[PDB]
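One chain comes next, on its own, written as structure tokens: the form deposited in one PDB entry.
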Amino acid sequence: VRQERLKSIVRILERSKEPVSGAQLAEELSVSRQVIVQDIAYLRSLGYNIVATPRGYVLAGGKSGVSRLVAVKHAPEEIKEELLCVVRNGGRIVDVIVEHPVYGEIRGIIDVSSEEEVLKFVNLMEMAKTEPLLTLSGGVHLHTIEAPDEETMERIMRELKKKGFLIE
């Protein structure tokens, strides 16, 4: 019984598009909100990331996995192929790092985890007077890639290599 209420609290937080207050949980699950307040503390000690906000609780992500630095080279027009490559294999492109001979290591935030975000990003970059960091670096540069597991990373690296992006 307690386990079914616990499961239902999570369930409500993954599909609800707005923060859901303790009071709403109590009415939905026919317990007092004081009971809800205990259940939320129990679930966090378990490993769920529920934060309270002025409008109610929200379930947050975290639980990160593996990240690797990958060495690649490609032209400005190959950014879309590369990004879509990583994300379609369940990676996230954290950033780009160029090793600048004068300035040393120059970093750009990317944080691209989905297709929509790849297209938002390529659009911005293809504008006027905006050039990718690899143009400082004669093409060669680094990316920080994140993925759930080491298998997914290899998976991603396989695809990057057979497309011909890896520095090997």
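Note that the rigid core is defined as the largest set of C-alphas that superpose within 1.5 Å between two forms. Sequential numbering from 1, following the sequence displayed.
Below, we refer to the form deposited in another entry, which is not included among the displayed structures.
Inset, instruction - Establish whether a shift of 2 Å or more occurs at the C-alpha of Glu131 between this form and the one not shown, with the two forms superposed on the rigid core. - result: Yes, its C-alpha moves 2 Å or more.
Inset, instruction - Could you check whether the CA atom of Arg33 moves 2 Å or more between this form and the one not shown, using the rigid core for the fit? - result: It does shift by 2 Å or more.
Inset, instruction - Look at the CA atoms of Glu159 and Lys63: state whether they lie closer or farther apart in the other entry than in this form, given a difference of 3 Å or more. - result: Pair moves closer in the other entry.
Inset, instruction - Can you tell whether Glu146 sits closer to or farther from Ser64 in the other entry than it does here, judged by CA atoms, where the change is 3 Å or more? - result: Relative to this form, closer in the other entry.
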